[PDB]
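Asker: Just one file: run01.txt, with compact mmCIF, N, CA and C atoms.
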```txt
# COMPACT_ATOMS: atom_id res chain seq x y z
N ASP A 451 0.84 -1.23 0.00
CA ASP A 451 0.00 0.00 0.00
C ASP A 451 0.86 1.26 0.00
N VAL A 452 1.34 1.64 -1.18
CA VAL A 452 2.18 2.83 -1.32
C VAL A 452 1.50 3.88 -2.18
N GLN A 453 1.50 5.12 -1.70
CA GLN A 453 0.88 6.23 -2.44
C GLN A 453 1.88 7.37 -2.63
N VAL A 454 1.69 8.13 -3.71
CA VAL A 454 2.57 9.25 -4.01
C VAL A 454 1.85 10.58 -3.84
N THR A 455 2.47 11.50 -3.11
CA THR A 455 1.88 12.82 -2.87
C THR A 455 2.94 13.91 -2.98
N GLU A 456 2.49 15.13 -3.26
CA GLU A 456 3.39 16.27 -3.39
C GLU A 456 4.16 16.51 -2.09
N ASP A 457 3.47 16.35 -0.97
CA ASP A 457 4.08 16.55 0.34
C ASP A 457 5.26 15.60 0.54
N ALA A 458 5.10 14.37 0.06
CA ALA A 458 6.15 13.36 0.20
C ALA A 458 7.39 13.76 -0.60
N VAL A 459 7.19 14.20 -1.83
CA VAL A 459 8.29 14.61 -2.69
C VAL A 459 9.01 15.83 -2.12
N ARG A 460 8.23 16.82 -1.70
CA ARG A 460 8.79 18.05 -1.13
C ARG A 460 9.55 17.75 0.15
N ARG A 461 9.09 16.75 0.89
CA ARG A 461 9.73 16.36 2.15
C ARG A 461 11.19 16.00 1.93
N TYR A 462 11.46 15.26 0.86
CA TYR A 462 12.82 14.85 0.54
C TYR A 462 13.69 16.05 0.17
N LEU A 463 13.14 16.94 -0.65
CA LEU A 463 13.86 18.13 -1.08
C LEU A 463 14.12 19.06 0.10
N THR A 464 13.16 19.13 1.02
CA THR A 464 13.28 19.98 2.19
C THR A 464 14.37 19.47 3.12
N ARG A 465 14.52 18.15 3.18
CA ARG A 465 15.53 17.53 4.03
C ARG A 465 16.89 17.52 3.35
N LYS A 466 16.92 17.00 2.13
CA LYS A 466 18.16 16.93 1.36
C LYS A 466 17.88 17.11 -0.13
N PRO A 467 18.74 17.87 -0.84
CA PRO A 467 18.58 18.12 -2.27
C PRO A 467 18.70 16.84 -3.10
N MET A 468 17.79 16.67 -4.05
CA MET A 468 17.79 15.49 -4.90
C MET A 468 17.54 15.86 -6.36
N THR A 469 17.78 14.91 -7.26
CA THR A 469 17.58 15.14 -8.68
C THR A 469 16.32 14.43 -9.18
N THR A 470 15.86 14.81 -10.36
CA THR A 470 14.66 14.21 -10.94
C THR A 470 14.82 12.70 -11.09
N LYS A 471 15.99 12.28 -11.55
CA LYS A 471 16.27 10.86 -11.74
C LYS A 471 16.19 10.11 -10.41
N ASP A 472 16.72 10.73 -9.36
CA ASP A 472 16.71 10.11 -8.04
C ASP A 472 15.29 10.01 -7.49
N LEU A 473 14.50 11.06 -7.71
CA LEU A 473 13.12 11.09 -7.24
C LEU A 473 12.29 9.99 -7.91
N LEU A 474 12.46 9.85 -9.22
CA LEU A 474 11.72 8.84 -9.97
C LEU A 474 12.15 7.43 -9.56
N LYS A 475 13.44 7.27 -9.27
CA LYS A 475 13.98 5.98 -8.86
C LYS A 475 13.30 5.48 -7.59
N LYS A 476 12.87 6.42 -6.74
CA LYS A 476 12.21 6.07 -5.49
C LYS A 476 10.98 5.21 -5.73
N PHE A 477 10.24 5.52 -6.79
CA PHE A 477 9.03 4.77 -7.13
C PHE A 477 9.02 4.39 -8.61
N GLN A 478 10.20 4.20 -9.18
CA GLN A 478 10.32 3.84 -10.59
C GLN A 478 9.69 2.47 -10.86
N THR A 479 10.05 1.49 -10.03
CA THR A 479 9.52 0.14 -10.18
C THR A 479 9.89 -0.72 -8.97
N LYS A 480 9.95 -0.09 -7.80
CA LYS A 480 10.29 -0.80 -6.57
C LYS A 480 9.16 -1.73 -6.14
N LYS A 481 8.02 -1.14 -5.79
CA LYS A 481 6.86 -1.92 -5.36
C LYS A 481 5.61 -1.49 -6.10
N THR A 482 5.42 -0.18 -6.22
CA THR A 482 4.25 0.37 -6.91
C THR A 482 4.16 -0.17 -8.33
N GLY A 483 3.07 -0.87 -8.62
CA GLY A 483 2.87 -1.43 -9.94
C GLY A 483 2.27 -0.44 -10.91
N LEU A 484 2.90 0.72 -11.05
CA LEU A 484 2.42 1.75 -11.96
C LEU A 484 3.27 1.80 -13.22
N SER A 485 2.62 2.10 -14.35
CA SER A 485 3.32 2.18 -15.63
C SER A 485 4.41 3.25 -15.59
N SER A 486 5.43 3.07 -16.42
CA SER A 486 6.54 4.02 -16.48
C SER A 486 6.05 5.42 -16.80
N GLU A 487 5.11 5.51 -17.74
CA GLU A 487 4.55 6.79 -18.15
C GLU A 487 3.66 7.37 -17.05
N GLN A 488 2.88 6.50 -16.41
CA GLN A 488 1.98 6.92 -15.34
C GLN A 488 2.77 7.45 -14.15
N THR A 489 3.85 6.76 -13.80
CA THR A 489 4.68 7.16 -12.67
C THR A 489 5.26 8.56 -12.89
N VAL A 490 5.72 8.81 -14.11
CA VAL A 490 6.30 10.11 -14.46
C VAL A 490 5.22 11.17 -14.58
N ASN A 491 4.08 10.80 -15.16
CA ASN A 491 2.97 11.72 -15.34
C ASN A 491 2.48 12.26 -14.00
N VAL A 492 2.35 11.38 -13.02
CA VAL A 492 1.90 11.77 -11.69
C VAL A 492 2.87 12.74 -11.04
N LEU A 493 4.14 12.34 -10.98
CA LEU A 493 5.17 13.17 -10.37
C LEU A 493 5.43 14.42 -11.21
N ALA A 494 5.24 14.31 -12.52
CA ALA A 494 5.45 15.43 -13.42
C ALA A 494 4.45 16.55 -13.15
N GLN A 495 3.18 16.18 -13.04
CA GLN A 495 2.12 17.15 -12.78
C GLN A 495 2.35 17.87 -11.46
N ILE A 496 2.83 17.13 -10.47
CA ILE A 496 3.10 17.70 -9.15
C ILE A 496 4.41 18.49 -9.15
N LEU A 497 5.47 17.86 -9.66
CA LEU A 497 6.78 18.50 -9.71
C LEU A 497 6.77 19.71 -10.64
N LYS A 498 6.24 19.53 -11.85
CA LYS A 498 6.18 20.62 -12.83
C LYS A 498 5.64 21.90 -12.20
N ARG A 499 4.63 21.76 -11.35
CA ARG A 499 4.05 22.92 -10.69
C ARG A 499 4.89 23.36 -9.49
N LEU A 500 5.78 22.48 -9.04
CA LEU A 500 6.63 22.76 -7.89
C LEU A 500 7.45 24.03 -8.06
N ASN A 501 7.92 24.28 -9.27
CA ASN A 501 8.73 25.47 -9.55
C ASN A 501 9.80 25.68 -8.47
N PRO A 502 10.56 24.62 -8.13
CA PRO A 502 11.61 24.71 -7.11
C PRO A 502 12.86 25.42 -7.62
N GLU A 503 13.94 25.33 -6.85
CA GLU A 503 15.20 25.95 -7.22
C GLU A 503 16.23 24.90 -7.62
N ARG A 504 17.21 25.30 -8.42
CA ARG A 504 18.25 24.39 -8.87
C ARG A 504 19.61 24.80 -8.30
N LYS A 505 20.38 23.81 -7.86
CA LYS A 505 21.70 24.06 -7.30
C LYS A 505 22.74 23.14 -7.92
N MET A 506 23.96 23.64 -8.07
CA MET A 506 25.04 22.86 -8.66
C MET A 506 25.78 22.06 -7.59
N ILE A 507 25.47 20.77 -7.50
CA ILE A 507 26.10 19.90 -6.52
C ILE A 507 26.88 18.78 -7.21
N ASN A 508 28.18 18.71 -6.92
CA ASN A 508 29.03 17.68 -7.51
C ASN A 508 28.99 17.75 -9.03
N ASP A 509 29.03 18.96 -9.57
CA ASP A 509 29.00 19.16 -11.02
C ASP A 509 27.71 18.60 -11.61
N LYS A 510 26.61 18.73 -10.87
CA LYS A 510 25.32 18.24 -11.32
C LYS A 510 24.19 19.12 -10.80
N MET A 511 23.06 19.10 -11.49
CA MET A 511 21.90 19.90 -11.10
C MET A 511 21.03 19.14 -10.10
N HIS A 512 20.68 19.80 -9.00
CA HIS A 512 19.86 19.19 -7.97
C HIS A 512 18.68 20.10 -7.61
N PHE A 513 17.68 19.52 -6.95
CA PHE A 513 16.50 20.28 -6.55
C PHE A 513 16.50 20.51 -5.04
N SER A 514 16.26 21.76 -4.64
CA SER A 514 16.23 22.12 -3.23
C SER A 514 15.02 22.98 -2.91
N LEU A 515 14.49 22.82 -1.70
CA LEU A 515 13.32 23.59 -1.27
C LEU A 515 13.54 24.18 0.12
N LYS A 516 13.16 25.44 0.29
CA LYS A 516 13.30 26.11 1.57
C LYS A 516 11.98 26.72 2.02
N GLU A 517 11.24 25.98 2.84
CA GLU A 517 9.95 26.45 3.34
C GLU A 517 10.12 27.74 4.14
N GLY B 941 24.82 1.30 -23.34
CA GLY B 941 25.50 0.60 -22.22
C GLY B 941 24.55 -0.28 -21.43
N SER B 942 24.85 -0.47 -20.15
CA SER B 942 24.02 -1.31 -19.29
C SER B 942 22.61 -0.74 -19.18
N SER B 943 22.50 0.58 -19.29
CA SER B 943 21.20 1.25 -19.21
C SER B 943 21.05 2.27 -20.32
N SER B 944 19.80 2.58 -20.66
CA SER B 944 19.51 3.55 -21.72
C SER B 944 18.05 3.99 -21.67
N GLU B 945 17.15 3.05 -21.96
CA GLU B 945 15.72 3.34 -21.95
C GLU B 945 15.27 3.81 -20.58
N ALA B 946 15.86 3.25 -19.53
CA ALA B 946 15.52 3.61 -18.16
C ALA B 946 15.85 5.08 -17.89
N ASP B 947 16.98 5.53 -18.41
CA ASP B 947 17.41 6.91 -18.22
C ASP B 947 16.38 7.89 -18.79
N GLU B 948 15.84 7.55 -19.96
CA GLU B 948 14.84 8.39 -20.61
C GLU B 948 13.59 8.52 -19.75
N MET B 949 13.30 7.48 -18.97
CA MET B 949 12.13 7.48 -18.10
C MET B 949 12.15 8.67 -17.15
N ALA B 950 13.35 9.04 -16.70
CA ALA B 950 13.51 10.16 -15.78
C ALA B 950 13.62 11.48 -16.54
N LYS B 951 14.13 11.42 -17.77
CA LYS B 951 14.29 12.61 -18.60
C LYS B 951 12.95 13.32 -18.79
N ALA B 952 11.88 12.55 -18.91
CA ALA B 952 10.55 13.10 -19.10
C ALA B 952 10.16 14.01 -17.94
N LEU B 953 10.50 13.59 -16.73
CA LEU B 953 10.18 14.37 -15.53
C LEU B 953 10.95 15.69 -15.52
N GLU B 954 12.23 15.63 -15.86
CA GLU B 954 13.07 16.82 -15.89
C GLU B 954 12.63 17.78 -17.00
N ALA B 955 12.15 17.21 -18.10
CA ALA B 955 11.70 18.02 -19.23
C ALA B 955 10.57 18.96 -18.83
N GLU B 956 9.75 18.52 -17.88
CA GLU B 956 8.63 19.32 -17.41
C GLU B 956 9.12 20.51 -16.59
N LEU B 957 9.79 20.22 -15.48
CA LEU B 957 10.31 21.26 -14.60
C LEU B 957 11.30 22.16 -15.33
N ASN B 958 11.84 21.67 -16.44
CA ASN B 958 12.80 22.44 -17.23
C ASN B 958 12.22 23.80 -17.63
N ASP B 959 10.90 23.86 -17.75
CA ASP B 959 10.22 25.10 -18.13
C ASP B 959 10.34 26.15 -17.03
N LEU B 960 9.76 25.85 -15.87
CA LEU B 960 9.80 26.77 -14.73
C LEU B 960 11.24 27.13 -14.36
N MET B 961 12.17 26.22 -14.65
CA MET B 961 13.57 26.44 -14.34
C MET B 961 14.08 27.72 -14.99
```
Represent the structure from my file as structure tokens, please.

Answerer:
Amino acid sequence: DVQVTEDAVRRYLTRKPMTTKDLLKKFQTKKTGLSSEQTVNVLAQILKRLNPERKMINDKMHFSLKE
Amino acid sequence: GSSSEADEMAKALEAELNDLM
């Protein structure tokens, strides 16, 4: 019984900066039996509206949030 | 390489936020 919510995604960014690839990997195909497109579509609609900030960490782009 | 199609799976997500970025 696993569900995806905006609060859950933001929680990770609020605690530690992460990348889109890392976020998707969390529920890419671990347990949730959701289609690859569906998984991205759900997080995309939520993340896309997130309009967060980008930071250069280890020569890479990461997502960070400051409530 | 060992991976390819899987990488694109995440690219779609980044493509969205890429706008507001």

Asker: Could you tell me, as a PyMOL selection string, which residues have any atom at most 12 Å from (16.4, 11.9, -7.2), counting only C-alpha atoms?

Answerer: (chain A and resi 459-460+462-463+466-478+493+497+510-514) or (chain B and resi 950-951+953-954)

Asker: May I ask for the distance between atom CA of residue A:479 and atom CA of residue B:944, given in Å to one decimal place?

Answerer: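 Result for atom CA of residue A:479 versus atom CA of residue B:944: 15.6 Å, one decimal.
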
Asker: Quote the spacing between atom N of residue A:485 and atom C of residue A:503 in Å to one decimal place.

Answerer: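 Going from atom N of residue A:485 over to atom C of residue A:503, I get 27.4 Å.
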
Asker: Please find the residues of chain B near chain A - the criterion being any atom within 8 Å, counting all atoms listed in the file - and write them as a list in words.

Answerer: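 Selected residues: residues 947, 949, 950, 951, 952, 953, 954, 955, 956, 957, 958, 959, 960 and 961 of chain B.
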
Asker: Please, what distance in Å, to one decimal, runs between atom CA of residue B:941 and atom CA of residue A:483?

Answerer: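 Atom CA of residue A:483 lies at a distance of 25.8 Å from atom CA of residue B:941.
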
Asker: Could you give me, as a list in words, each residue of chain A that DSSP assigns to strand (DSSP E or B) when run on this structure's backbone?

Answerer: residues 468, 503, 504, 505, 506, 511, 512, 513 and 514 of chain A

Asker: List every residue of chain A that DSSP, applied to the backbone of this structure, assigns to helix (DSSP H, G or I), and report them as an mmCIF file with N, CA and C atoms, in the coordinates of the input.

Answerer:
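Final output, saved to selection-v7.cif:
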```
data_model
loop_
_atom_site.group_PDB
_atom_site.id
_atom_site.type_symbol
_atom_site.label_atom_id
_atom_site.label_comp_id
_atom_site.auth_asym_id
_atom_site.auth_seq_id
_atom_site.Cartn_x
_atom_site.Cartn_y
_atom_site.Cartn_z
ATOM 1 N N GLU A 456 2.490 15.130 -3.260
ATOM 2 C CA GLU A 456 3.390 16.270 -3.390
ATOM 3 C C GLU A 456 4.160 16.510 -2.090
ATOM 4 N N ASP A 457 3.470 16.350 -0.970
ATOM 5 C CA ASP A 457 4.080 16.550 0.340
ATOM 6 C C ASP A 457 5.260 15.600 0.540
ATOM 7 N N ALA A 458 5.100 14.370 0.060
ATOM 8 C CA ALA A 458 6.150 13.360 0.200
ATOM 9 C C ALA A 458 7.390 13.760 -0.600
ATOM 10 N N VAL A 459 7.190 14.200 -1.830
ATOM 11 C CA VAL A 459 8.290 14.610 -2.690
ATOM 12 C C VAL A 459 9.010 15.830 -2.120
ATOM 13 N N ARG A 460 8.230 16.820 -1.700
ATOM 14 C CA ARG A 460 8.790 18.050 -1.130
ATOM 15 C C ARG A 460 9.550 17.750 0.150
ATOM 16 N N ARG A 461 9.090 16.750 0.890
ATOM 17 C CA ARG A 461 9.730 16.360 2.150
ATOM 18 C C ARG A 461 11.190 16.000 1.930
ATOM 19 N N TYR A 462 11.460 15.260 0.860
ATOM 20 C CA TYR A 462 12.820 14.850 0.540
ATOM 21 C C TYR A 462 13.690 16.050 0.170
ATOM 22 N N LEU A 463 13.140 16.940 -0.650
ATOM 23 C CA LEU A 463 13.860 18.130 -1.080
ATOM 24 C C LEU A 463 14.120 19.060 0.100
ATOM 25 N N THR A 464 13.160 19.130 1.020
ATOM 26 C CA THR A 464 13.280 19.980 2.190
ATOM 27 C C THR A 464 14.370 19.470 3.120
ATOM 28 N N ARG A 465 14.520 18.150 3.180
ATOM 29 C CA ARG A 465 15.530 17.530 4.030
ATOM 30 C C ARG A 465 16.890 17.520 3.350
ATOM 31 N N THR A 470 15.860 14.810 -10.360
ATOM 32 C CA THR A 470 14.660 14.210 -10.940
ATOM 33 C C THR A 470 14.820 12.700 -11.090
ATOM 34 N N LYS A 471 15.990 12.280 -11.550
ATOM 35 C CA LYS A 471 16.270 10.860 -11.740
ATOM 36 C C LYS A 471 16.190 10.110 -10.410
ATOM 37 N N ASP A 472 16.720 10.730 -9.360
ATOM 38 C CA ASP A 472 16.710 10.110 -8.040
ATOM 39 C C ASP A 472 15.290 10.010 -7.490
ATOM 40 N N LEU A 473 14.500 11.060 -7.710
ATOM 41 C CA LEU A 473 13.120 11.090 -7.240
ATOM 42 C C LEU A 473 12.290 9.990 -7.910
ATOM 43 N N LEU A 474 12.460 9.850 -9.220
ATOM 44 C CA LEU A 474 11.720 8.840 -9.970
ATOM 45 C C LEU A 474 12.150 7.430 -9.560
ATOM 46 N N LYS A 475 13.440 7.270 -9.270
ATOM 47 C CA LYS A 475 13.980 5.980 -8.860
ATOM 48 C C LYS A 475 13.300 5.480 -7.590
ATOM 49 N N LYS A 476 12.870 6.420 -6.740
ATOM 50 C CA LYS A 476 12.210 6.070 -5.490
ATOM 51 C C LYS A 476 10.980 5.210 -5.730
ATOM 52 N N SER A 486 5.430 3.070 -16.420
ATOM 53 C CA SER A 486 6.540 4.020 -16.480
ATOM 54 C C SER A 486 6.050 5.420 -16.800
ATOM 55 N N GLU A 487 5.110 5.510 -17.740
ATOM 56 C CA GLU A 487 4.550 6.790 -18.150
ATOM 57 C C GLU A 487 3.660 7.370 -17.050
ATOM 58 N N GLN A 488 2.880 6.500 -16.410
ATOM 59 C CA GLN A 488 1.980 6.920 -15.340
ATOM 60 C C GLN A 488 2.770 7.450 -14.150
ATOM 61 N N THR A 489 3.850 6.760 -13.800
ATOM 62 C CA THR A 489 4.680 7.160 -12.670
ATOM 63 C C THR A 489 5.260 8.560 -12.890
ATOM 64 N N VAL A 490 5.720 8.810 -14.110
ATOM 65 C CA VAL A 490 6.300 10.110 -14.460
ATOM 66 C C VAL A 490 5.220 11.170 -14.580
ATOM 67 N N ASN A 491 4.080 10.800 -15.160
ATOM 68 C CA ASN A 491 2.970 11.720 -15.340
ATOM 69 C C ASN A 491 2.480 12.260 -14.000
ATOM 70 N N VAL A 492 2.350 11.380 -13.020
ATOM 71 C CA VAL A 492 1.900 11.770 -11.690
ATOM 72 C C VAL A 492 2.870 12.740 -11.040
ATOM 73 N N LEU A 493 4.140 12.340 -10.980
ATOM 74 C CA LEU A 493 5.170 13.170 -10.370
ATOM 75 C C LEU A 493 5.430 14.420 -11.210
ATOM 76 N N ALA A 494 5.240 14.310 -12.520
ATOM 77 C CA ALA A 494 5.450 15.430 -13.420
ATOM 78 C C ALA A 494 4.450 16.550 -13.150
ATOM 79 N N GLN A 495 3.180 16.180 -13.040
ATOM 80 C CA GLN A 495 2.120 17.150 -12.780
ATOM 81 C C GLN A 495 2.350 17.870 -11.460
ATOM 82 N N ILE A 496 2.830 17.130 -10.470
ATOM 83 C CA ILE A 496 3.100 17.700 -9.150
ATOM 84 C C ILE A 496 4.410 18.490 -9.150
ATOM 85 N N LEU A 497 5.470 17.860 -9.660
ATOM 86 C CA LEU A 497 6.780 18.500 -9.710
ATOM 87 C C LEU A 497 6.770 19.710 -10.640
ATOM 88 N N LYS A 498 6.240 19.530 -11.850
ATOM 89 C CA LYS A 498 6.180 20.620 -12.830
ATOM 90 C C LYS A 498 5.640 21.900 -12.200
ATOM 91 N N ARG A 499 4.630 21.760 -11.350
ATOM 92 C CA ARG A 499 4.050 22.920 -10.690
ATOM 93 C C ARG A 499 4.890 23.360 -9.490
ATOM 94 N N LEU A 500 5.780 22.480 -9.040
ATOM 95 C CA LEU A 500 6.630 22.760 -7.890
ATOM 96 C C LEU A 500 7.450 24.030 -8.060
#
```

Asker: Take stretch 945-960 of chain B, bring it up to N, CA, C and O atoms, and give me the output as a CSV table (one decimal), keeping the file's coordinate frame.

Answerer:
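The result, stored in result-v3.csv:
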```
chain,number,residue,atom,x,y,z
B,945,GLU,N,17.2,3.0,-22.0
B,945,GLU,CA,15.7,3.3,-22.0
B,945,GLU,C,15.3,3.8,-20.6
B,945,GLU,O,14.4,4.7,-20.5
B,946,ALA,N,15.9,3.2,-19.5
B,946,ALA,CA,15.5,3.6,-18.2
B,946,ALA,C,15.8,5.1,-17.9
B,946,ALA,O,15.1,5.8,-17.2
B,947,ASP,N,17.0,5.5,-18.4
B,947,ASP,CA,17.4,6.9,-18.2
B,947,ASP,C,16.4,7.9,-18.8
B,947,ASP,O,16.1,8.9,-18.2
B,948,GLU,N,15.8,7.6,-20.0
B,948,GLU,CA,14.8,8.4,-20.6
B,948,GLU,C,13.6,8.5,-19.8
B,948,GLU,O,12.9,9.5,-19.8
B,949,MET,N,13.3,7.5,-19.0
B,949,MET,CA,12.1,7.5,-18.1
B,949,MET,C,12.2,8.7,-17.2
B,949,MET,O,11.1,9.2,-16.8
B,950,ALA,N,13.4,9.0,-16.7
B,950,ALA,CA,13.5,10.2,-15.8
B,950,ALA,C,13.6,11.5,-16.5
B,950,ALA,O,13.3,12.5,-16.0
B,951,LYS,N,14.1,11.4,-17.8
B,951,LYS,CA,14.3,12.6,-18.6
B,951,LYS,C,13.0,13.3,-18.8
B,951,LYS,O,12.9,14.6,-18.8
B,952,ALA,N,11.9,12.6,-18.9
B,952,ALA,CA,10.6,13.1,-19.1
B,952,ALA,C,10.2,14.0,-17.9
B,952,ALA,O,9.6,15.1,-18.1
B,953,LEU,N,10.5,13.6,-16.7
B,953,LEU,CA,10.2,14.4,-15.5
B,953,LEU,C,11.0,15.7,-15.5
B,953,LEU,O,10.4,16.7,-15.2
B,954,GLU,N,12.2,15.6,-15.9
B,954,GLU,CA,13.1,16.8,-15.9
B,954,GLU,C,12.6,17.8,-17.0
B,954,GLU,O,12.7,19.0,-16.9
B,955,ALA,N,12.2,17.2,-18.1
B,955,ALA,CA,11.7,18.0,-19.2
B,955,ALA,C,10.6,19.0,-18.8
B,955,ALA,O,10.4,20.1,-19.4
B,956,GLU,N,9.8,18.5,-17.9
B,956,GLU,CA,8.6,19.3,-17.4
B,956,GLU,C,9.1,20.5,-16.6
B,956,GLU,O,8.9,21.7,-16.9
B,957,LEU,N,9.8,20.2,-15.5
B,957,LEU,CA,10.3,21.3,-14.6
B,957,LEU,C,11.3,22.2,-15.3
B,957,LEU,O,11.6,23.3,-14.9
B,958,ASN,N,11.8,21.7,-16.4
B,958,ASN,CA,12.8,22.4,-17.2
B,958,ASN,C,12.2,23.8,-17.6
B,958,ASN,O,13.0,24.8,-17.8
B,959,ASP,N,10.9,23.9,-17.8
B,959,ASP,CA,10.2,25.1,-18.1
B,959,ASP,C,10.3,26.2,-17.0
B,959,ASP,O,10.9,27.2,-17.2
B,960,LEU,N,9.8,25.8,-15.9
B,960,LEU,CA,9.8,26.8,-14.7
B,960,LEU,C,11.2,27.1,-14.4
B,960,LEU,O,11.5,28.2,-13.8
```
